[PDB]
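Chain letters run A, B, ... following the sequence lines, proteins first and then strands; every chain starts at 1. Reckoned from all heavy atoms, side chains included, excluding hydrogens, waters and symmetry mates.
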Amino acid sequence: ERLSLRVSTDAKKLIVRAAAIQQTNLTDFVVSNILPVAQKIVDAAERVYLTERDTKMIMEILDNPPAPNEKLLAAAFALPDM
Amino acid sequence: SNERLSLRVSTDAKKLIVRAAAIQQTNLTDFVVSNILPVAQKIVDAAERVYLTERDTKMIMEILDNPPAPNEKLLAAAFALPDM
Amino acid sequence: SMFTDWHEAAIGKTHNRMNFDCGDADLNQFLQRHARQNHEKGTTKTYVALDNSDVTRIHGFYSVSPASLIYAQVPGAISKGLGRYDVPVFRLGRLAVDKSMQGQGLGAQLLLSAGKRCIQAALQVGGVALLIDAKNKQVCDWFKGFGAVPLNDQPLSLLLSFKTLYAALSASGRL
Amino acid sequence: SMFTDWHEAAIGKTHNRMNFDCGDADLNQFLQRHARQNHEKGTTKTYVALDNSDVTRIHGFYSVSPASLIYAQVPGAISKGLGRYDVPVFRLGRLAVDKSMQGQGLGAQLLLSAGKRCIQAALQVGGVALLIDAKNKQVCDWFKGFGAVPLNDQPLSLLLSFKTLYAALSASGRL
DNA sequence: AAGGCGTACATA
DNA sequence: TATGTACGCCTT
Ligand SMILES: CC(C)(COP(=O)(O)OP(=O)(O)OC[C@H]1O[C@@H](n2cnc3c(N)ncnc32)[C@H](O)[C@@H]1OP(=O)(O)O)[C@@H](O)C(=O)NCCC(=O)NCCS
Ligand SMILES: CC(C)(COP(=O)(O)OP(=O)(O)OC[C@H]1O[C@@H](n2cnc3c(N)ncnc32)[C@H](O)[C@@H]1OP(=O)(O)O)[C@@H](O)C(=O)NCCC(=O)NCCS
Ligand SMILES: [Ba+2]
Ligand SMILES: [Ba+2]
C-alpha cells in the first residue's frame, strides 16, 4: 500500500536533504531505513513488567527454588529419549 | 499500557521549552519526550549493551555453541584459587 | 499409563497439521495456519510430538519464545550483589494435546520437554525460568500441579524455574 | 608462581584503599573514590583480594557489572532453533593487582574469581559469558592467554564463556 | 482518549 | 521538605 503522512516543512526538508546526501530517492531512503528498525522491534523479546510484590516473589523463587514434586518427576521419567 | 510524569521546573526554563516547542511546531509533551528518549537510550546502550556486527555475532555464536576447553593457564589459576 | 511412543521435532512441511484438533479453536488455528511461518521467520518456535509409527501424525505441540522479566526497584536488592535489569526467561506460550490422545500424560511430558529445550537453549543465550501462559483458571490449576507458581498480578502467568526443571530432568537422565 | 595466602571480600570500610597502587591511575582512582559508592548504590560491584595476615591490605581487585550482547541479523540462524537477540553477559570492567606483588599469579586468580561470582549470579539473573574490557593490546594479549577471544570489530573487548570457566572451576573443585 | 493544569498527600 | 505519586477536571 502507501504511507500517507503529514510532516512539518522543517522535517520534510531534512528527509529530502538526507536522501540527497545518500544518493538515493526519497522512497528507498525512508523505507530501507525503517524496516530494519521495525524488524528489530518485532523480534525483540517480550518485556514483562513486574510489580514490587511479584519481583519479591520471583527473586525469592529464583533464590530458593522448590524441589521437583511427584507430578514433574513422573513426567520426567516418562519423557522419551529423543 | 500508559503512565504519567510530573517534573517541577523553573519558570524561566518553561519559557525556554515553550519557545523551542513552538519553533519545532509541536506541543510540550512531544518536544520533551522526543528529545529525552534518544538521550536516555544512548545512555543505557553505552553502559549495558554491546551491539555486535554480523562477523562477531557468528564468531560468538560459535564460541557459545562449542566453547574451547580450559587451558593450562586457566586451570593453574583455578587450582590456586583459595576457597574460604 | 503414560503414552511414551512418540518423538519430538520442530514443525516442518511433512507434518499433518490439518488432522490436529485439541478442542480449542485458537490453538488449532495457530498450529494449522501460523506455527510454520513463525518458526521459520520469527522468534516463536513450535515443536510437535509425533507418533513413532506414522511419523506425520501430530499428537500435540508446544510453542516457546524469548521473554524478559523487568524487576521493579525493591528495598535491599542493590546491596545484595550482582543484579540485572532484564532477567531472561522463555515464554511457554502454547501447549496442546490432540483430543484423541488426551488423558495419557502427554501434556505433562511436553512441559518437561519444553523445559529441556529451553534449558539447553539457555546455555547458549541465557535464561533462568519458563514463564507459562495459562488460558483460564483450570489450565492454571493444571500447571500449578507441576510446581509452577502463579504471579500475583497478571495471574494467568506462572513461573517454573530452570533449577526445579533441571533437577527433574537430571534425575531421570534426560539431562 | 601462584600466591594463595589471600581472601576475597566485597569492598568495605576497613580496607586501606589509599595504599593500593597497581601502576594505573584510573584503576587506582576508581578504587579510591568510586568503587565504594557504586557497590552499594549502583550496578558495578567491586571485590578486593585481601592479605590473610593484614586483613586491611588490598592485594588486588576487580569490578563486574551486567551487560547484554545484541546479536546481529545472521542468515539461516532465525530458523536454526530456539534463541534470542539480547544475550546476557557480565562485564569484567576492571581487574588490578597491587605493584607490590605483580607476577605472583593473583590476576589470573581474580579472573577465575570473577568468573565464579558471575556464574553464581547468572543462576539467578541469567548470563553466559564474561565480557572483558582490555585497556590496550598488552592487557588484551594477557587475557587471550587464558583463552578469552577478542572481538573482531571491538578489539580490546574479549569474550570468555561460562562453559570454559565452569570447566576450569569444577575441575579444581571450586564449583 | 490526550495534551495540560491544579494541588494535596506518601516518601528521604 | 522535596520530590513524585496521585487525585483529578477540561478541552480539544
Ligand atoms: C491441558 C492439556 C495440554 C493436557 O494434556 P494431557 O495429555 O490431558 O495432560 P495429562 O494427560 O498429562 O494430565 C492431564 C490431566 O489433568 C486433567 N486436565 C488437564 N487440563 C485440564 C483442564 N484445562 N481442565 C480440567 N482438567 C484438566 C485431565 O483431565 C487429566 O486428568 P488424568 O490425566 O489425571 O486423567 C490438554 O487437555 C489440552 O490439549 N488442552 C487444550 C490445550 C490447552 O488448554 N492449552 C492451555 C494453555 S496453551
Ligand atoms: C595485569 C595484571 C593484573 C597482572 O598482575 P599478575 O597476574 O600479578 O601478573 P602475572 O602473575 O600474570 O605475570 C605477569 C608477567 O608480566 C609481568 N608483569 C605483571 N604486571 C606487570 C606490570 N604492571 N608492568 C610490567 N610487567 C608486569 C610479571 O612480572 C610477569 O612477568 P614474567 O613473564 O617474567 O613472570 C597487572 O599488571 C595489573 O594490575 N596492571 C594494572 C593495569 C591493569 O590491570 N589493566 C587491566 C584492566 S584493562
Ligand atoms: Ba485428530
Ligand atoms: Ba602497596
Taking only side-chain N and O atoms of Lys14(B), does any of them lie within less than 4.0 angstrom of OP1 or OP2 on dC5(E)?
yes

On a whole-Å scale, what distance lies between the P atoms belonging to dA6(F) and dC10(F)?
23 Å

Pairwise P distance, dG8(F) and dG4(E) [rounded to whole Å]
22 Å

For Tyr62(C), what residues pass the ring pair (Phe, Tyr, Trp, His ring centres under 6.0 Å) criterion, not counting sequence neighbours?
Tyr47(C)

Could you list by number each residue of residues 20-41 of chain B showing a heavy-atom separation from DNA chain E of less than 4.0 Å, or answer none if no residue does?
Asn27(B), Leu28(B), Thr29(B)

Hunt down the Watson-Crick or G-U wobble partner of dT12(F), both distances under 3.5 Å, from any strand shown, or write none.
none

Mind telling me whether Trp142(C) and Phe146(C) have parallel, tilted or perpendicular rings, with 30° and 60° as the class edges?
perpendicular

Roughly how far apart, to the nearest Å, are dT7(E) and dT1(F) at atom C1'?
16 Å

Salt bridge or not for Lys135(D) and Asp24(D), using N-O below 4.0 Å?
yes

Around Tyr166(C), counting heavy atoms of other residues, nucleotides and ligands shown, do more than 12 lie under 6.0 Å from its OH?
no

To the nearest Å, how far apart are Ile78(C) CD1 and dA12(E) P?
13 Å

Step-by-step side-chain hydrogen bond (donor to acceptor under 3.5 Å, both in side chains) determination, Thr51(A) to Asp153(C):
CA-CA 7 Å; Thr51(A) 75; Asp153(C) 305 302; 2.7 Å; yes

For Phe162(D), check ring pair (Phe, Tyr, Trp, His ring centres under 6.0 Å) against everything at least two apart and list the hits.
none

Using Watson-Crick or G-U wobble geometry with both distances under 3.5 Å, which nucleotide pairs with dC5(E)?
none

Let's see if you can work this out: which of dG4(F), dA2(E), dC5(E) has an atom nearest to the side-chain heavy atoms of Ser6(B)?
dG4(F)

